[PDB]
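Residue-level listing of the chains:
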Amino acid sequence: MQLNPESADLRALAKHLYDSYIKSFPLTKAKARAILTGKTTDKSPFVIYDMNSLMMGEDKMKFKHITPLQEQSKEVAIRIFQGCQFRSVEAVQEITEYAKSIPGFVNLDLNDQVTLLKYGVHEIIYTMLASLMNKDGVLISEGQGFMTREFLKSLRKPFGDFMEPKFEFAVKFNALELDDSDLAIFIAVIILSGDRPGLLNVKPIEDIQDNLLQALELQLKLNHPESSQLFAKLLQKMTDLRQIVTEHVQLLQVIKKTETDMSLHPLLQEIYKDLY
Ligand SMILES: CN(CCOc1ccc(C[C@H](Nc2ccccc2C(=O)c2ccccc2)C(=O)O)cc1)c1ccccn1
Ligand SMILES: [Cl-]
């Protein structure tokens, strides 16, 4: 391998994406792991590990109050539902801002830009959610709370099924030990998929993804020298991301049919509309 104009341009591309990733996503993997491993000495997340602690964390986590004369299981489900919805809407905006910085993206046909974001955002959301997870739980509300996996799993059906595929993915994904510099290129690779349904100009997207893939391959070689076949293993993880989306869509459809007063935010409806 040589540090020639080709590879140097790949490094400059990796740096450009890292810088735009830092600008677009306030809570990076580096900051989240610091919090999760207790490196933040003064301010620490409140832990939500059961019903009692969820209701004691209402103020810190922006949850509507739950009085003692309500169906506790139902109201908690609503709070978690609204909480995830708020976060997803914010996350779409961060990813959209990020995508505009991907070299070549803004030059694509505007309809193809929208199609790529439509099919990409949720896969990126689940990838970056893993940065905020360990086997115990997930950081929420800008890292001010930590909600446990078993608590999310105990919610009344169908709500208690929602997060488990995300945690199972995160544990395997986090064992790859990627850092923010790796992730910035990987999420660009997710976006620039030439196989999204309804793309008009496939060739310009593939040429960009080919370049991103080259950048990711070089990044992993330089940053993880003794991690054998890390590139291959990371690409296989895209298989799991797509299944997360598939199951999540199905669970949301159960909610649309068998639940009241939990309609999706309009932006999320537009993303899910005619998706696959
Ligand atoms: C666990 N979590 C971290 C963020 O988790 C996410 C988990 C999933 C998502 C994606 C997002 N999900 C929803 C969007 C709208 C309404 C509900 C959901 C749920 O996902 C949901 C549904 C039923 C029961 C529970 C959740 C999407 O599809 O756009 C985005 C974020 C929380 C929890 C409470 C408050 C804030 N943070
Ligand atoms: Cl290594």
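Rules of the game
- Residues numbered from 1 in each chain as written, not as in the entry; some residues may be left out.
- Chains lettered and ligands numbered in written order.
- Heavy atoms only, no water.
- Helix = DSSP H or I, 4+ residues; strand = E, 2+ residues; numbered from the N terminus.
- Rg over C-alpha atoms; globule rule 2.2 N^0.38 Å.
- Buried < 20%, exposed > 50% of the residue type's maximum accessible area, 1.4 Å probe, protein only.
- Contact = heavy atoms within 4.5 Å.
- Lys, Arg positive; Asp, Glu negative; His and termini not counted.
- Charge placed at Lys NZ, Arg CZ, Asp CG, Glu CD.
- Expected span 1.5 Å × (residues − 1).
- Near = heavy atom within 4 Å.
- Polar contact = N/O pair within 3.5 Å; in protein donor to acceptor, adjacent residues only side chain to side chain.
- Areas by Shrake-Rupley, 256 points an atom, 1.4 Å probe, with all protein chains shown as cover.
- Nonpolar A, V, L, I, M, F, W, Y, C, P; charged D, E, K, R; others polar.
- Axes fitted to C-alpha atoms, helices over the stretch in contact; angles between N-to-C directions.
- Parallel < 35°, antiparallel > 145°, perpendicular 65-115°, else oblique.
- Left-handed = near helix turned anticlockwise from the far one by under 90°.
- Pairing = 2+ DSSP bridges.
- Salt bridge = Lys/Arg side-chain N within 4 Å of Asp/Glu carboxyl O.

As stated in the entry header, the method of structure determination is X-ray crystallography and the reported resolution is 2.100 Å.

1. Some thoughts on the overall build of the protein
When helices and strands are counted, the protein shows 11 helices and 3 strands. Listing the helices and strands of the protein from first to last along the sequence gives α-α-β-α-α-α-β-β-α-α-α-α-α-α. Expected size for 276 residues packed as a compact globule is a radius of gyration near 19 Å; at 20 Å, the protein falls within 12% of this value. Taken along its principal axes, the extent of the C-alpha atoms in the protein is 70 × 45 × 30 Å. For the protein, buried positions account for 49% of its 276 residues. Partitioning the intrachain contacts of the protein with sequence separation of at least 6 by distance along the chain shows that 74% fall at a separation of at least 24. Taking the average location of the 32 positive side-chain charges in the protein and that of its 37 negative ones, the two points are 3 Å from each other.

2. Describing helix 9 (residues 202-223)
The terminal C-alpha atoms of helix 9, which comprises 22 residues, lie 31 Å apart, in line with the 32 Å expected from a rise of 1.5 Å per residue. Listing the buried residues of helix 9 in full gives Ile205, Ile208, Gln209, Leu212, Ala215, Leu216, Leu218, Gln219 and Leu220. Considering only its buried residues, helix 9 is in contact with helix 1 (5-24), helix 5 (110-131), helix 8 (180-191) and helix 10 (230-258).

3. Details of the site of ligand 1
Residues in close proximity to ligand 1 total 21 residues, the closest being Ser88, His122, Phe162, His248 and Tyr272. Separating an oxygen atom of ligand 1 from a side-chain N or O atom of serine 88 is a distance of 2.6 Å. One nitrogen or oxygen atom from the side chain of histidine 122 is found 2.8 Å from an oxygen atom belonging to ligand 1. A total of 750 Å² of accessible area belongs to ligand 1 in isolation, and the protein chains cover 98% of it. Elements with a minimum of two residues in the shell around ligand 1: helix 4 (72-100), helix 5, strand 2 (137-140), helix 10 and helix 11 (266-272). Per element, the largest residue contribution to the shell around ligand 1 is 6 residues, and it comes from helix 4. Its residues placed into classes, the shell around ligand 1 shows 16 nonpolar, 5 polar and no charged.

4. Quick word on the packing of helix 8 against helix 9
Two elements in contact, helix 8 and helix 9, have axes whose closest approach is 9 Å; the angle formed by their N-to-C orientations is 160°. Comparing their axes, helix 9 and helix 8 come out roughly antiparallel. Of the two possible hands of crossing, helix 8 and helix 9 adopt the one that is left-handed. Residues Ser181, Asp182, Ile185, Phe186, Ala188 and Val189 of helix 8 lie in contact with helix 9, whose contacting residues are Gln209, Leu212, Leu213, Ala215, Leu216, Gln219, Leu220 and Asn223. Considering only residue class, the contact of helix 8 with helix 9 consists of 9 nonpolar, 4 polar and 1 charged.

5. With respect to the environment of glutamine 93
By the element assignment, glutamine 93 lies in helix 4. As a C-alpha pair, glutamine 93 and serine 24 span 69 residues in sequence and 8.9 Å in three-dimensional space.

6. Observations regarding the pairing of strand 3 (residues 145-148)
Every other side chain in a regular strand lies on the same face of the sheet, so the side chains alternate between the two faces. Neither face of strand 3 is exposed, since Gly145 and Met147 on one face and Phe146 and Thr148 on the opposite face are all buried. Note that strand 1 (residues 46-48) and strand 3 share 3 bridges and pair parallel. Each residue of the ladder has a partner; that of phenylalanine 46, found in strand 3, is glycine 145. Summarising the sheet, strand 2 and strand 3 pair through 4 bridges and their orientation is antiparallel. Paired with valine 138 across the bridge in strand 3 is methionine 147. Hairpin connection of strand 2 to strand 3: 4 residues between the antiparallel strands, including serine 141 at a positive phi of 50°.

7. Brief notes about the sheet that holds strand 1
In spatial order, the strands read 1-3-2; together these 3 strands make up an open sheet with mixed pairing. Of all the strands in the sheet, just strand 1 and strand 2 have a single pairing partner and so form its edges. Averaged over all neighbouring strand pairs, the angle between strand axes comes to 25°, with direction disregarded.

8. Looking at helix 1
Over its 20 residues, helix 1 runs 28 Å from end to end, which matches the ideal 28 Å to within 8%, given 1.5 Å per residue. Buried-residue contacts for helix 1 involve helix 2 (29-36), helix 4, helix 5, helix 8 and helix 9.

9. Focus: the side chain of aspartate 112
Relative to the helices and strands, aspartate 112 resides in helix 5. Buried charge without a salt bridge: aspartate 112, with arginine 196 as the nearest opposite-charge side chain at an N-O distance of 11 Å. In this structure the side chain of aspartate 112 is engaged in a polar contact, spanning 2.9 Å, whose partner is the backbone nitrogen of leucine 200. A polar atom in the side chain of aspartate 112 sits 2.9 Å from the backbone nitrogen of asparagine 201. If we ignore the near neighbours within four places in the chain, the residues touching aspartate 112 are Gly198, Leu199, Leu200, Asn201 and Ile205.

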